[PDB]
Structure formats: structure tokens, C-alpha cells
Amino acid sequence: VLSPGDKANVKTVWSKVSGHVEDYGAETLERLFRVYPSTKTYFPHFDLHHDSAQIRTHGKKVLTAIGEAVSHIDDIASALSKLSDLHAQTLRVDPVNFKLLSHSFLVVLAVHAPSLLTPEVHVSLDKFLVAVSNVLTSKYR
């Protein structure tokens, strides 16, 4: 359960992510693909050349999707009911990968805003990232 503490901690971090949604999103996918080559199989039709156009563009889509969940933090499901069916029913993406992505992102945050990614804050957005993954993978709550 996301406590008001987690909520605000999530919002503070996202205030430093906003204004970089494309850069951080692009670096998030880069680490994911480079550190976990198996995640590339979901993108046969992409020009996956480390840092290409589709990587940065898709990266922005993902990180923007996150920001939405930060806006509708109180009801993350509804604000993702679309992407859920995509990733869950259509794509049927293996749930593990969501943890690899959630992880890849925390690593980006550690690089650019280490002092901010304190342990209590780290705990918060990792609770939030799990809240996001469960939705995109579908769960009865």
C-alpha cells in the first residue's frame, strides 16, 4: 500500500525526472537492452542500435506512461487500463521483465540524482514501480 509518504517521495523524484522524460526514458531502455539482451526479443521490428531513434522515442513513451501514473497515483489502474491489456492480454510480456525495467530505471535515477534516491525514497518509488507493473500485468488486487 502506497502511504502518503511514498506518494510525496514519488512526486519529489518525478519533479526531477520531468524535463528529461526523453533523456531518462532513452537511457532506461538502453540499460535494459544492454544489460538484459533477452528483453530485445519483444522488439524484432525496432532499429535497436544502442541509441537510435526508435529507442529514444519508445523510451519517451514509457517514461511518459510512468508520469501519468504519478499524476493519477491514487488510482494507477484506471490511468493504465489501456496499456494493461496491451502488455498483459495482447503482448503477454513475461512479468519478470517489468522488474528488470523498473530496476533499469532506478539505476538511471541513481546516476543523475543519487543524493535524492535516499533509502526511504528508494523504498517508495520501488513500491510505486511494483504498483505500476502489477497493473500492466493484471492482478485481482
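Just count from 1 along the sequence shown to find any residue number.
- The mean C-alpha temperature factor is higher for 5 to 13 when 5 to 13 and 126 to 134 are set side by side.
- Taking only CA atoms, the mean B-factor in the PDB entry is higher for 54 to 62 than for the other of 112 to 120 and 54 to 62.
- Taking the PDB entry at face value, the top CA B factor among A26, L32, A79, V107 belongs to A79.
- The entry lists C-alpha B-factors for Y42, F46, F98, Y36, and the highest of these is at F46.
- Per the PDB record, residue ranking by Cα B-factor puts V70 in the lowest third of the chain.
- The deposited CA B-factor of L83 belongs to the middle third of values across its chain.
- In the deposited entry, the Cα temperature factor of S102 places it in the lowest third of its chain's modelled residues.
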